[PDB]
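Pasting a structure here, questions to come.
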Amino acid sequence: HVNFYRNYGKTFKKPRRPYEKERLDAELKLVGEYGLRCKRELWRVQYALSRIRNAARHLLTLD
Amino acid sequence: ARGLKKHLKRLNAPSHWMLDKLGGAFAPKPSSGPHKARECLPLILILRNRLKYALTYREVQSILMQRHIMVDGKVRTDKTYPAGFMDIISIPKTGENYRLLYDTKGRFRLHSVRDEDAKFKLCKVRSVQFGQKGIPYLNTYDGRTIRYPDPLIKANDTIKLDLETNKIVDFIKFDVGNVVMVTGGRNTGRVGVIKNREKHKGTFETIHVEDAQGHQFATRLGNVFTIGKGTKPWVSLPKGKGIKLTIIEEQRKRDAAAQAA
Amino acid sequence: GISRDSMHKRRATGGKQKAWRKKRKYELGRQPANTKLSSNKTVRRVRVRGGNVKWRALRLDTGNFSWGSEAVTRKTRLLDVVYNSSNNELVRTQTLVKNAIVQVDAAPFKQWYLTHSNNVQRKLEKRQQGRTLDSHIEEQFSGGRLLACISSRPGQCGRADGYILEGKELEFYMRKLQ
Amino acid sequence: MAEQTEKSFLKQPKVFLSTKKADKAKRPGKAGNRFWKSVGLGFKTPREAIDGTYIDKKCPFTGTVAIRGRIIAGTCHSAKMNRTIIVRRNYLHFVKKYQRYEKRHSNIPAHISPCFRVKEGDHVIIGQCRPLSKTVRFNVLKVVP
RNA sequence: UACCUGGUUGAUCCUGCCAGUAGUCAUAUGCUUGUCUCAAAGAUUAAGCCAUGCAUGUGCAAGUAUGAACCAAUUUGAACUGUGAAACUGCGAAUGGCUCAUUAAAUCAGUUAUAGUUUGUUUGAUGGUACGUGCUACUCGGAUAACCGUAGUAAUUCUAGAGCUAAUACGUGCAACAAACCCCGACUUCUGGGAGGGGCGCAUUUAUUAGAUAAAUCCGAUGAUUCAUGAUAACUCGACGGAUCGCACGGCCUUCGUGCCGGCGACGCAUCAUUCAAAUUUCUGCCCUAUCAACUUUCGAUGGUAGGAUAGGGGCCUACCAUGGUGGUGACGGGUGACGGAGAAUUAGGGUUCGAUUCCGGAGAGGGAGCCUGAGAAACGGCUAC
RNA sequence: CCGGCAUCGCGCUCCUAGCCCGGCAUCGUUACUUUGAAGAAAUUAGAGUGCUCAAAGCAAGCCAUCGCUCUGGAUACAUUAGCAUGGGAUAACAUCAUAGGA
RNA sequence: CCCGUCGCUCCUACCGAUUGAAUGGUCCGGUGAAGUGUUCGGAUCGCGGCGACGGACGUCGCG
Ligand SMILES: [Mg+2]
Ligand SMILES: [Mg+2]
Ligand SMILES: [Mg+2]
Ligand SMILES: [Mg+2]
Ligand SMILES: [Mg+2]
Ligand SMILES: [Mg+2]
Ligand SMILES: [Mg+2]
Ligand SMILES: [Mg+2]
Ligand SMILES: [Mg+2]
Ligand SMILES: [Mg+2]
Ligand SMILES: [Mg+2]
Ligand SMILES: [Mg+2]
Ligand SMILES: [Mg+2]
Ligand SMILES: [Mg+2]
């Protein structure tokens, strides 16, 4: 059964610590200021950013 | 399995066919012929895929049953026929002629040639030895067996073979100082010049080659195919004259070509 | 049936070997032919791998035998088997296999050696310059037969072919027949 | 002679002993001469094989076996069989988690042509041939005591 | 994100676990569920059992059509024309699909080998002699389906008997030289000669022989061969060496006679090479267990010789002989709710756990076992037996 | 960073062999390290590309978006074992007192 | 603060006379279906010689 070979992936990840006030308020600041619908929109931006930062850090490690 | 396998699943097809992984469950499965089916390019891909002369499986069959396509001088109506390196594909109805040659990335390309340079091919000799009644004959690496060769042609050499008369017309003696185009491994496609050959008793012989733009590399004997005598090659080269380049070189090529457009 | 796989064998360590497979046809053997030496010749064909044929000879009477030093090969009859180095009971059963020792009528050889006007004698005399014919062969001739060794596989090619013993080999088998 | 110790007369294939017009310089295995061959891969045919009287179908230099494949080197471990030895290969196997090594070994049966003499614990060089018995697929080519 | 927090005390600092906190291409279950794209889905327990339907058949100009037809329709020689159903012949059904039971140096992966073999088919090359006392080819068989018709049995692509008729079915059977070389050998002259005239394609099997140095007219290959290959003597109750089929016409007379020819194709026989592969095979690598330390060996366990068998190597098997072979570097045994790998989840790094499942390899078709057909099966949408 | 020599650099007939001249092969083995070859795809990483975004996919983009042009379909990782190449510090194993040495 | 015996309620495992029971495999001994190879056999079926005999017949030609 072809079409089983189509890839797919995860775009965000939940926070390790569920209820911390500092992160909760910092995240709500952004969810309000930029008019986002829920935390998932913020977390996928964070996840994409972490990807590009890991790439950058790896390249910076080399010579 | 209790016998020969007749299907080739698409993920198992050769990588240089560039078949897309969702375009079906099966791949053409080249029939037996003069090339080893992992280094060939069947007619289905030549017509449907590259030349876009047909859109489907059955259209290729409709083309072939009409005796248009000609491979190396004969009309081949088999649809999974294993055309290979240095073959000629000719469509007289359109009067168009192609030599199958590698590109630097290791993939077959149909290099257009003229009608003068389509009556001949080059072929590398597998071996020479005697046959029934002491007659000498030579083996090529694409099935052809020629009897009564020139008594100088030894194994691993190259021969020019006219398709009209079907006999030899010239040959190149495999040795240091000749141009060679690599047909296997990561270096396939790269042309070069034999600079060194080191023997190893009981293993494969290795060849050391130097490109015209200076880059030096190496392969093993079975993957080297001489093209010409001296530095000049006897046959046409494709879009890049068999010169490999780094990824940064082609990045520069794209951005530099992005300022004139 | 009879099989040629290694599965039933014990490992070199002596550990027993579990069955992970059934018996495959490309692994088969057949029962032997034990070609008897008898008058009523019978050679029966076998269909084997690749569509090919082997000729299982069940009963043979004549053979082709070469006399090496004289460079002549002639058809003759087999009179008996006298020694087999593998098993004596093969001799008792008059069974033909490769490397068995047989006695041979030898008359076609004798009549060849009877050969070898003016130009004919100027050739008999060209020969007889190198006539040696060591006495061991001569005595057998006067007896009427020659000791011979089979050099073909009767159950494989359906024939009994061989050579006559000479020199070291001849004398060795002679002292063993004592 | 010394060789003929078995229930059948043992001889080299394709050498005609009772030849008529013999010679001492035709070629190995022509005109009655004993047959010998050079194995290749830089090994030298022992003199004791050249002018030998033994008959060994499995010998690399006078028998019918060809040497091709791998060339292992080891130390002799057992010489209590007829014309066959067990050799030990000692080697280091890497243990990846601990980044360290451990000593491992393998026992290889190899056929020993009568042209050599081996004690226990001599350096041996063996080369691969076709299966000669249930466990033997190698032939001794060099012995350094 | 290379992270911790609650809980032993009157209070303290620790050890240390318990609980929390996050993920899962991880299964189930609960409550809920509006749109778009995406796509796993009777693996786990029972490789337990199966009603019913379907999953493998097939026709080109080019094997065989008066057996009965459709469609032309004959001017009633000549065609069953043009198109065919059925049926013989051929081919295929050994691929694919499903599953993961058995299986722990086994499979399997990377890496080797065949100078140890088979290979329908594709592709390239190649092919004399069949008897004629080798003096340029030497004749045509019967019998069976579709049909037609008499039946049995409750029954089945269960079956008997009779009348017809084909071949690319089946069975016979013409053969291309100098014979090139080899052995005989009446006579000639004396032989180093000439020699009249009888026996020698391609396979099979055996034997003998050739297949060349080294610096002061040797000449194919490999790292390596008694190699490729050639000569010679014989052998075989020889698988073989075209009694086949399509259109196209189109030069020219020797009886001007389908006249002498001559083409482009289809199918088929044999050999080599190639391709499509397989089978064996080398080295290294696998989880837990010592409350599993000896195991194998009469009866093959390790090796040797000669055979038999196989496509081929090999204790694969037989006869005879020797006493070996593995083991604390873990043999042998046991567990696995264990097919191996590519890979999966989590991952600072190092690691831990998983891998029935779509790709590769293996294995099986209720359990064992044996086979026929065939290039290929120990086949199960084949057979035989339990 | 390195080649090429020279100090008080055990040799060459044979392969490469400068215009008498560098840079020659067997008469101790390995581990280690360097470079290369040969390593299936899919997966992973990653280059390119506006499926409207994304998860994806391997496409597509320009022409006068007119009798077609330019094309792409990279690259990398791949422990251990096996093959080859340079190095010879570190560490193994073998070993000049019978001179049986060159 | 705290230990143990004895008594009560629940749970878990252990030993155990009983040749306890069930179950699968393995080894040795025996019986052995069916196929494959072989030795005979020979229903009938083919030049149906022939004597040149009158569709038969048997001596048959070997398959
Ligand atoms: Mg399958
Ligand atoms: Mg195909
Ligand atoms: Mg951590
Ligand atoms: Mg306390
Ligand atoms: Mg408290
Ligand atoms: Mg916890
Ligand atoms: Mg043996
Ligand atoms: Mg043997
Ligand atoms: Mg299992
Ligand atoms: Mg399971
Ligand atoms: Mg599979
Ligand atoms: Mg099966
Ligand atoms: Mg079932
Ligand atoms: Mg079955």
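Please list, by residue number, every one of the chymotrypsin sites (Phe, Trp or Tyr not before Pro) in the range B:165-207 that is coil in DSSP and has at most 15 other beta-carbon atoms within 10 Å.
B:204
Once you place label points 7 Å from the Cα toward the Cβ at residue D:70 and residue C:12, how far apart are they in nm?
My value for the distance between the label points is 1.1 nm.
Around residue D:130, which amide H atoms from residues at least 5 apart in sequence, or from another chain, sit under 5 Å from its own amide H, with H modelled in the peptide plane?
D:66
At what distance in nm do the modelled label points of residue C:46 and residue C:88 sit from each other, each positioned 7 Å from its Cα along Cα→Cβ?
Placing both labels 7 Å along Cα→Cβ, they lie 3.0 nm apart.
Sorted from fewest to most neighbouring beta carbons within 10 Å, what does the list C:166, C:138 look like?
C:138, C:166
What is the mean projected area of the alpha carbon convex hull for the range C:31-79, to one decimal in square nanometres?
Projected area, direction-averaged: 5.0 nm².
Using a Förster radius of 51 Å, what is the FRET efficiency between residue D:38 and residue C:134 based on their Cβ-Cβ separation? Nearest 0.05, please.
Details: r = 35 Å, r/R0 = 0.69.
Here the calculated transfer efficiency is 0.90.
Turning to a different aspect of this structure: What FRET efficiency comes out for residue C:71 versus residue B:11 if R0 is 51 angstrom and r is the Cβ-Cβ distance? Round to the nearest 0.05.
On the way: r = 65 Å, r/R0 = 1.28.
Once rounded, the FRET efficiency stands at 0.20.
What is the Cα centroid distance between the range C:44-76 and the range B:230-261, reported in whole angstrom?
68
Would any residue of the range C:1-37 have its amide N under 13 Å from a label point 7 Å out along Cα→Cβ of residue D:134? List them or say none.
C:6-17
Hey, how many Å between the Cα centroid of the range D:1-76 and the Cα centroid of the range C:86-121?
29
Please list the three semi-axes, largest first and in whole Å, of the ellipsoid equivalent to the range B:173-230, using sqrt of 5 times the eigenvalues of its alpha carbon gyration tensor.
Each semi-axis is √(5λ); the values are 17, 13, 11 Å.
Can you tell me the convex hull volume per residue for the protein assembly as shown, based on C-alpha atoms, in Å³ to the nearest whole number?
About 344 Å³ per residue, rounded to a whole number.
Taking θ as phi - 60°, what are the ³J(HN,Hα) couplings along the range D:45-58 by the Karplus curve (6.51, -1.76, 1.60), each to the nearest whole Hz, with x for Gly and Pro?
Computed from phi, the couplings for the range D:45-58 are 5, x, 4, 5, 7, 5, 9, x, 10, 5, 10, 9, 4, 9 Hz.
Determine the calculated [θ] at 222 nm for chain A from helices alone, applying -39500 (n - 2.57) to every DSSP H run no shorter than 4 residues and normalising by the residue count; nearest 500 deg cm²/dmol. Working shown, then result.
Details: 2 runs with 36 residues, N = 63.
Calculated at 222 nm, the ellipticity per residue is -19500 deg cm²/dmol.
Quick check on my link table: of D:80/D:142; B:160/B:239; B:21/B:79; C:110/D:7; B:6/B:105; D:11/D:119, which ones sit more than 25 Å apart, alpha carbon to alpha carbon?
Beyond 25 Å: C:110/D:7; B:6/B:105; D:11/D:119.
Further, regarding this structure: Between residue B:171 and residues 5 or more places away or on another chain, which pairs have amide H atoms under 5 Å apart, with H built 1.01 Å from N, and which residues are they?
It is B:160, by chain and number.
Please list the equivalent ellipsoid semi-axes of chain A, computed as the square roots of five times the alpha-carbon gyration tensor eigenvalues, in descending order and whole angstrom.
Values: eigenvalues 146, 90, 26 Å².
Semi-axes from the Cα gyration tensor: 27, 21, 11 Å.
Over 25 Å between Cα atoms: which of A:10/B:29; B:199/D:24; C:98/D:57; C:168/D:26 fall into that group?
As for pairs spanning more than 25 Å Cα to Cα, those are A:10/B:29; B:199/D:24.
Would you kindly derive the ³J(HN,Hα) couplings of the range D:131-145 from the backbone phi angles with the Karplus curve 6.51 cos²θ - 1.76 cosθ + 1.60 (θ = phi - 60°), listing them in order in whole Hz, with x for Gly and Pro?
x, 9, 7, 4, 10, 8, 9, 9, 10, 6, 10, 9, 10, 10, x
Sticking with this one: How would you rank A:19, B:141, going from fewest to most other Cβ atoms within 10 Å of each one's own Cβ?
Starting with the residue having the fewest Cβ neighbours, the order is A:19, B:141.
For a distance above 29 Å, tell me the whole-number percent of Cα pairs in chain B that qualify.
Cα-Cα pairs in chain B separated by more than 29 Å: 38 percent.
Specify the inter-centroid distance of the range B:70-142 and the range A:5-63, based on alpha-carbon positions, in whole Å.
Cα centres, the range B:70-142 to the range A:5-63: 57 Å.
For the pair residue A:24/residue B:55, report the inter-label distance in nm, with labels modelled 7 Å from Cα in the Cβ direction.
Taking the two extended label points, one gets 6.0 nm.
Given R₀ = 51 Å, FRET efficiency for residue B:36-residue A:60 by Cβ-Cβ distance, to 0.05?
About 0.65, to the nearest 0.05.
Over 23 Å between Cα atoms, which of B:9/B:36; C:126/D:21; C:18/C:54 qualify?
Those over the limit are C:18/C:54.
What is the mean projected area of the alpha carbon convex hull for the range D:33-118, to one decimal in square nanometres?
7.2
Here's something else I'd like to know. Please arrange B:181, B:86 by how many other C-beta atoms lie within 10 Å of their C-beta, fewest to most. Write down the numbers at each step before the final one.
Values: B:181 25, B:86 20.
Sorted ascending by nearby Cβ count, the order is B:86, B:181.
Let me ask something additional. What longest range of chain D stays clear of loop-exposed GluC sites (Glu not before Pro) (DSSP non-H/G/I/E/B, at most 13 other C-beta within 10 angstrom)? List each step's numbers first, then the result.
Details: sites that count: D:6, D:120.
Between the exposed loop sites, the longest stretch runs D:7-119.
What's the whole-number percent of alpha carbon pairs in chain C lying beyond 23 angstrom?
The calculated P(r) of chain C puts 55 percent of pairs beyond 23 Å.
Could I ask something else about it? Quick check on the range B:198-261: what are the equivalent-ellipsoid semi-axes from the Cα gyration tensor, as sqrt(5λ), descending, whole Å?
Semi-axes from the Cα gyration tensor: 32, 16, 9 Å.
A short reminder: the numbers here are calculations on the coordinates, not readings from a lab. Virtual Cβ from ideal backbone geometry, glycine too; neighbours counted across all protein chains shown.
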